[PDB]
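As you go down the protein sequences, you meet chains A, I, E, D, B and C in turn. Residue numbers for the first sequence, in PDB author numbering: 44 to 140, 149 to 178, 191 to 309, 311 to 401, 411 to 493. Residue numbers for the second sequence, in PDB author numbering: 44 to 140, 149 to 178, 191 to 309, 311 to 401, 411 to 493. Residue numbers for the third sequence, in PDB author numbering: 44 to 140, 149 to 178, 191 to 309, 311 to 401, 411 to 493. Residue numbers for the fourth sequence, in PDB author numbering: 1 to 175. Residue numbers for the fifth sequence, in PDB author numbering: 8 to 9, 11 to 67, 67A to 67C, 68 to 95, 95A to 95C, 96 to 167, 173 to 209. Residue numbers for the sixth sequence, in PDB author numbering: 1 to 82, 82A to 82C, 83 to 100, 100A to 100R, 101 to 126, 131 to 185, 188 to 211. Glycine included, every Cβ here is placed at the ideal spot set by N, Cα and C.
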Amino acid sequence: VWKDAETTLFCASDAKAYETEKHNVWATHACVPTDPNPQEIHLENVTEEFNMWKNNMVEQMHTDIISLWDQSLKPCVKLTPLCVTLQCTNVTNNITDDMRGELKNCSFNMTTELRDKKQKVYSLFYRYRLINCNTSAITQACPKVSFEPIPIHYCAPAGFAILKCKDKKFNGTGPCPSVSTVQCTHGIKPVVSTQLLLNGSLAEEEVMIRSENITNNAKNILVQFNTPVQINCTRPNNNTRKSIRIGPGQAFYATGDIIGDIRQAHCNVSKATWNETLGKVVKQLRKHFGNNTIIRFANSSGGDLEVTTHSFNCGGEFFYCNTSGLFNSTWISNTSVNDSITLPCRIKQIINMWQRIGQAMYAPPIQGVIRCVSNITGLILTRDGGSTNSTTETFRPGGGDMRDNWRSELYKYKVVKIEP
Amino acid sequence: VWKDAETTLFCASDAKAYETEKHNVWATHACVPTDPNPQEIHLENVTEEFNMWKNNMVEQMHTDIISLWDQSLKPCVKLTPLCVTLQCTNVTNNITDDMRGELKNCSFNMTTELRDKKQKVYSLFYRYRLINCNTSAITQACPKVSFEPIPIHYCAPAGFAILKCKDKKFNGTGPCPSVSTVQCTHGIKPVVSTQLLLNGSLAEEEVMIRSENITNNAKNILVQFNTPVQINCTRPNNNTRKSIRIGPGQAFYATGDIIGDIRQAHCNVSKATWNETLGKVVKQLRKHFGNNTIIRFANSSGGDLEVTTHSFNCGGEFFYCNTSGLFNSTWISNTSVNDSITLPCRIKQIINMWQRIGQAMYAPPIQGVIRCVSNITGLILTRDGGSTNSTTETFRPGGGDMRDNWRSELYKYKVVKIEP
Amino acid sequence: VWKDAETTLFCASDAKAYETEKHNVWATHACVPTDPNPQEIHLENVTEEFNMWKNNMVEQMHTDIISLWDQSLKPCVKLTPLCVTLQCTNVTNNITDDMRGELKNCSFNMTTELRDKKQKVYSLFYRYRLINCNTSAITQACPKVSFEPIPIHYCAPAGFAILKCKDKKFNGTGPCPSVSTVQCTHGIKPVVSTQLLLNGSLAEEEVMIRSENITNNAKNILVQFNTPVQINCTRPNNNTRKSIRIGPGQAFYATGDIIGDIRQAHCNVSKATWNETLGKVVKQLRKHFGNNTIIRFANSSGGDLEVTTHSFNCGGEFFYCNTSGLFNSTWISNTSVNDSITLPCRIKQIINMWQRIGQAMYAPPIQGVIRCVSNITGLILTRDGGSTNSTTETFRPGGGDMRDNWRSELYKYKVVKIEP
Amino acid sequence: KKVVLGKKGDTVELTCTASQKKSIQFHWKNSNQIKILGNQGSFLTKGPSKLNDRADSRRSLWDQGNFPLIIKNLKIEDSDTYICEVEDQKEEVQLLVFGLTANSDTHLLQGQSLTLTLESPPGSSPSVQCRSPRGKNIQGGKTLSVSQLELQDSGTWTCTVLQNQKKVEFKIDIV
Amino acid sequence: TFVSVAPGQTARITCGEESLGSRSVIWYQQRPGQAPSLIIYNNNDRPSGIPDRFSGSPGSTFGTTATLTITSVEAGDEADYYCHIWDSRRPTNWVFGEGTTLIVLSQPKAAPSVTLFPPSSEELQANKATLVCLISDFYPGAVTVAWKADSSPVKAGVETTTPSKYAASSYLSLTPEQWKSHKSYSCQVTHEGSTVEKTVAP
Amino acid sequence: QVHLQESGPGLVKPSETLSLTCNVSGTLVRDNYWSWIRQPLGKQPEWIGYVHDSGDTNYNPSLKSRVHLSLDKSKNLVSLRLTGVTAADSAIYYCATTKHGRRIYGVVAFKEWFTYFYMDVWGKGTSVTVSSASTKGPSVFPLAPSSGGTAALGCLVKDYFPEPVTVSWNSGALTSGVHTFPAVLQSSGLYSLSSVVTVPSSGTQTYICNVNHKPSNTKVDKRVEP
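Written out as structure tokens, the structure is:
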């Protein structure tokens, strides 16, 4: 007897990591070390039926990680008071292209100690007077933290197992020949991104495309790669940390010192991989639903900055990248058809977590010149509903609900229970 | 073996209701659906001894519901800051009877956004300058809530039962012939009122009077009816909802728009039922402790507004009704002796829950013209200690501890445990 | 089979005490009454090996009591706002010795009710204008509390025991002949002090000296006495309680009324006991590690006020005593060599609990003339590393980590588990 | 089978409500089923359509249960049938928008003729009932025009257009 | 210009203007009688077939000149070398930098044979006159030739070959009366630190 | 292997148009940038321009009004035309395969980003001489022996155009002792050269130089005597 769907997930993690960094603090507080036994061991026959996209385990891992995020919001992060009005100016003393600025170095009036005293203070805002924040601002900061995803294992309790499709070619709703039962997963890293999977897991054999409803264009298409497309992101923006402890209740930072005039924040994607991978993707598409069609990739359709750009994080700052460079190639149905692609990005401090309960700020980006090298492990796509007279199919970057990213990770785990 | 008194109560509830409304939110969070099995099944003989008024289950349901009320107090309800001073005026430009007003439309100075800005704002106070609140104010409000009692079932755990006296005529301390054992109750509604039971449960046969000590006048007398006396309460006061979200931490409302000049807040009790019921009550009284006596009913003896009036709720506002109309009849011992009774009521926003940890405000009464039809299911009485030379007995409305209302509801449930 | 080290401690306590007092509130909330069975009963033979100083039970009781202290910090204690600037003056209108003052009666400006009104208010500071507090101030106060250590028993759970060395002469790392197993301890009192144990437990036979490393001078030396040295502490400082409840959120006190001109805060130690005890201590020392040496006792080496003085509490105020009177005797190696010792002490309100998360204030010392009689049950010592040419050994008062005080109390308890 | 009328230029709102009081995924499409607007959990995603520039939805109501669909700067070319994909259900709603255009001069002469042509979507059967500034009823069909006019009718005008038992009114100033 | 070096030693060649902006310098190697061939691109990157003996100076420190270094030089490296400079503050250069000839001194010390012929009687009968200075059997292939009229340097009429595989020629064109006028004319050949002179007279 | 072979007329008159072709194998012309480069005798290379099928094409400004570059995809070749030629245009001309690179920095240094080109495969080159002479025959004079027991002896070949001239001694029966120097191109635009032999001073053998200038159909035999 195998009964499914039980919100019960054990956890596993730790080696050299402890506290400080918020991910490290979290894994430390919610996980115990693992053991290198796990045997799984598939048993002969025992079914061919499965369906990864109706897994409530995903929704569990999701709501868990978010609640944990609030549990991090509790101690140090400041929901108040200082965002009122900003006396900002610009470093532009001569100009072309009407650049204005995303980053501004500003002056302020700040409650320090005692009653109603102020001192002149530097403030930076990522996006002249006023302007403030809109109806919420939690400021994370904190003395000892950081933000890098840490491997988190999900395990089944006592009297429970987890079946696992080891079939390389799964239709997602369908015929699976090899079922095994593991007690604990290998350890999943919590990468929060859209459009591409960064870090994550690779396909064992070939590139695999997966959709909950290949006809319904509103449903996402998790495209998993057998190979990584490079992406190196260098944001050489510089900020010097100054945390003025002037008052007991108050804990203020001061960023925006020095210089270096770094261009925005910068990134790259490396293309050779992107050439073969995109060709092979249109190959898979044309060997699945797309039989004879020219495949075109336009950029994001529009929306919130988190939706229009590849919004991901390089250690707690929220990067937004113009994504035209990833989606600007028309793939000819007839046949297939040192330079690197350089993508324009921006660092944000003010992000909107949760629902609207509050905004989250990583206030003092420490140091400067911080490059994050990543492996493009993925694509999350939504199809542009087209016609058949166009003799072409258009595909756009979609996403937003990270639960889709977990289905893209938790695709081979379904918690089950055993009965005599 | 039957051992009693265990603070362990399972719960049951839900059909079409979900969240939003606070009662709905509560039942949703603290209850699971039920099953329409319950068989109870009385067993032949097995005792005649019982005592409803020494049940700690009542004290449990009570403390539970109150703690739950605080659990509702947590997220949205605002204990601070704005109650300081009020710049109020009156809509009376010509006058009789020196009415002043219970309701006032007022002007204010309000922190909106940023640092130390204000805007002119409407404010209503239910009860000229100043005045404020006394040493606490929690303001409930909230975007999605309401307040209507929801059926809550109390069940016994594993290895436990609940004996239930199905005897129609119980002396309350006494001889009960039919004991049954149910797993879960039929579902009790949390009606918070004094003097009358509204909604609640009816007596199966005749009217039943119940007292913990019929001699001790300090002990309450739960008078349960076999029939409901009508009570229709129309408060046609109008308020237009305006929730100005000016600042992140601040969430302010604005009531007191429009007009209609509604008389206070109004109510009615329907009398024919009240005639027969009161006659029959003096009948029961004269067939119990009152053998030969003229029975008189004076109004409330005095105290807090919650004690002097029939303080109940029509959806979260606290109604106070002049109760002379209910208690103004002298019942002659000799023999017995379309018009409806109309009762004057008032809506309050500022109530005192708990102990004095804080006041609770339902700040934006939404819409206007809201009529609540209710069934008078009850009387809670306290006797006025009289003499025997008066050749009359006087009875006054008492109450206050809602636990008495639960004994008036939890009268047929006593959690018990089984042993071999 | 006996396996050790399990963070699982049952608790026991209560007789006549309830709530109010914080210790009473704590024992009430974390303990259940006990039973006067416990039989322990040593079993013949069954080992001679033990080591009291590597007990994680101590670290458990410690972290527990501290976390409990924060749990007391939660409801009433005020981390904010009023400490800004103080307008203080002195009662000295003529002077000798440049006394200044530790205690000052001061004037203030205080938010009472409404918005931005103040009233002239008395304030006392234990240690002229300004000065305030440094970067944190929690103010305990509260309507109903107090602070007197309450007996707390530590018990082993189910399937667990606690071995107990009843050997009068234990080397601390070593040979123990009599092991017994109790379910629950006799009840340990939480006395927070340094240098001396106050209340606490006495040695059954002779005076026993105990050290984790008798060679390492950095390791503490818990000197346990078979007899108590008296210490009577009379602080006849007077303060009249005035708690002005002016505003809802605000709860302010007012101390510093009346007079009496009490000298600081005063104390005594009674010496005859101190004579024999110190002689016997140098006796034990010379019969252990000190064979032929003149033993000298200098005062505290320096540091924080909690380290330089015998920092202990007389009911929630933190006393600091000049300790030269305890350590000012040179003990001649040759042979041994009504008046009472009077020690100068000071009462503090501002103490630093925890780590630096915040300072704790007992704000309204109530009444005046409060004498605490105590039994000197102890010494915590650190050795001054000397030479052998000096032909003398110097010993200084050390301490600070209260866990040492618990090892000094939890010395005969080690939680163990049983297996077939 | 829902009918919602709309004025040209003015903003309009299309509703979509679910049984669950949470916030599950929903998507809006036209009669040809082309993406207009949708959501990815807590994000608003716009589709490749003509409404893309003038379409949005209040994110506040999402977590409550219902998901709206507003269309600003309304035009007649936007008249179409829409659907909503929530809880595996298809809430269909037909949007029929109309407009009014005055061909005759804004400053008419003494005793002339008023010409008014209404903008109608391809394949429609409109019905208009106009009214004078004071008291006179005007009826018609495809085009409504009054031949005989007087100086007394100088002022505000009121014309009502009815379709599928739903009616909307227009106001124009004629001097 | 010219740079000479012994086998096994290190040669360095400077080319182009001092840097102004950021640089990408391209180096090409051209063997005698061959098309130019490359050496380096992107300041220090090499194409297929080029060993790491060849290195270029970074496009780096402002106000400096690009340099090509060749370590462990062999006779095969003897060639003309050219750079093509890309500088972010300068226009596209459409002309390569001036070339440098690398000489690898595998062999020393052979001294030239010089022979000097007066004008022939037949040429004189044709009212022309040419002095012929033949230079041969010398290595390395660097000589300069100068002519003298009596003691005076000749400013005109001298034509001299670039030597090849070495041999070289110098011709002084004169009129018959110029020839007959002076006491003598001299051919002076300068080779490897020394100068050999021969003289001729009517 | 990518292989380029240039061809052209070898000789062009002043004011005429020079037309050159670069035949390409081992790659298709559409898939590369192509650069013409020129290099005069004794000078550094002088480029010409680069062309691409995309239209990403540019010419040396100094040659701008006179130069045209083209690609012929059907024949897989690259072409150059240069109008109004003069002697200054005399050079060896090369066709090349031109690769593109970018210097890319941080965005703070965006103004300093730039592209550069390098020529990675060159053809063997084609020689182009522009001058004005139809033909000119040489004048041949004997260089008489006069003076190790050995004397030198020669023939002067004066003022001819164009190259080349062949000189032999005794019809070929004297190749030892023989040194025929490379010609000098004089400021007159004419060439001259000399040939010498070294012989024992003692009246046996007869010494005759045979000079042939094919372009002018000139052959001269000149006896050389003391």
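In the three-state DSSP reduction, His189(B) falls in the coil class, being neither helix nor strand.
When C-alpha distances from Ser364(A) are compared across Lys421(A), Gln314(A), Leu454(A), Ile309(A), the shortest belongs to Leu454(A). Only buried fits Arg419(I), as 16 or more other CB atoms lie within 10 angstroms of its CB. For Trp47(C), the uninterrupted beta strand (DSSP E) segment begins and ends at 46 to 51. Neighbourhood of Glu62(I) in chain D, by CB distance below 8 Å: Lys21, in chain order.
At least 8 Å separates the CB of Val120(I) from every CB of chain E.
Checking the DSSP bridge columns, you'll see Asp173(D) partnered with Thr156(D). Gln169(C) and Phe100K(C) have their C-alpha atoms roughly 45 Å apart. The C-alpha of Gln195(B) is placed about 6 Å away from the C-alpha of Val147(B). Looking from the CA of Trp69(I), the closest CA among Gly472(I), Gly459(I), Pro214(I) belongs to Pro214(I). Residues of the stretch 200 to 230 of chain I with a Cβ closer than 7 Å to any Cβ of chain E, in chain order: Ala200. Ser177(C) and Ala158(B) have their C-alpha atoms some 20 Å from each other.
DSSP links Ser65(B) through a beta bridge to no other residue. Shown here, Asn332(A) sits in a strand according to DSSP, grouped into three states. Taking a contact as a CB-CB distance under 8 Å, the pair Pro165(C) and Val82C(C) does not count as one, their CB atoms being some 26 Å apart. Bounds of the alpha helix (DSSP H) holding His105(E) are 99 to 116. Judged by DSSP in its simplified three-state form, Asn478(E) adopts helix. In this structure, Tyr317(I) sits away from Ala433(I), with a CB-CB distance that is not shorter than 8 Å.
Relative to the Cα of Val29(C), the nearest Cα in the group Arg38(C), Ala93(C), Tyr59(C) belongs to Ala93(C). Not a single C-beta of chain C is nearer than 8 Å to the C-beta of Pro59(B). By the CB criterion at 8 Å, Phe176(I) and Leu226(I) fall outside the cutoff. Taking 8 Å as the CB threshold, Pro121(D) stays off the interface with chain A.
Annotation: the continuous alpha helix (DSSP H) that includes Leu369(I) extends over 369 to 372. Cα atoms of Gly380(A) and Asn295(E): separation of roughly 58 Å, rounded to the nearest angstrom.
At the C-beta level, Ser104(D) and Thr115(D) come within 8 Å of one another.
DSSP places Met161(I) within a strand segment (E or B) once states are collapsed to three.
Put simply, of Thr357(I), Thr106(I), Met100(I), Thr319(I) the residue whose alpha carbon is nearest the alpha carbon of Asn462(I) is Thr357(I).
Taking a 10 Å sphere around the C-beta of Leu69(D), we find 16 or more other C-beta atoms and assign the residue as buried. Taking 8 Å as the threshold, the shortest C-beta distance from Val172(A) to chain I does not fall below it. Using a Cβ-Cβ cut-off of 7 Å, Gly313(A) is close to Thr123 of chain E, given in chain order. With the criterion set as a beta carbon lying under 7 Å from some beta carbon of chain D, the members of the stretch 344 to 377 of chain A are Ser365, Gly366, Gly367, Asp368, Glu370, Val371, in sequence order. Put simply, the CB of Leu165(E) is near chain I, with a gap under 8 Å to one of its CB atoms.
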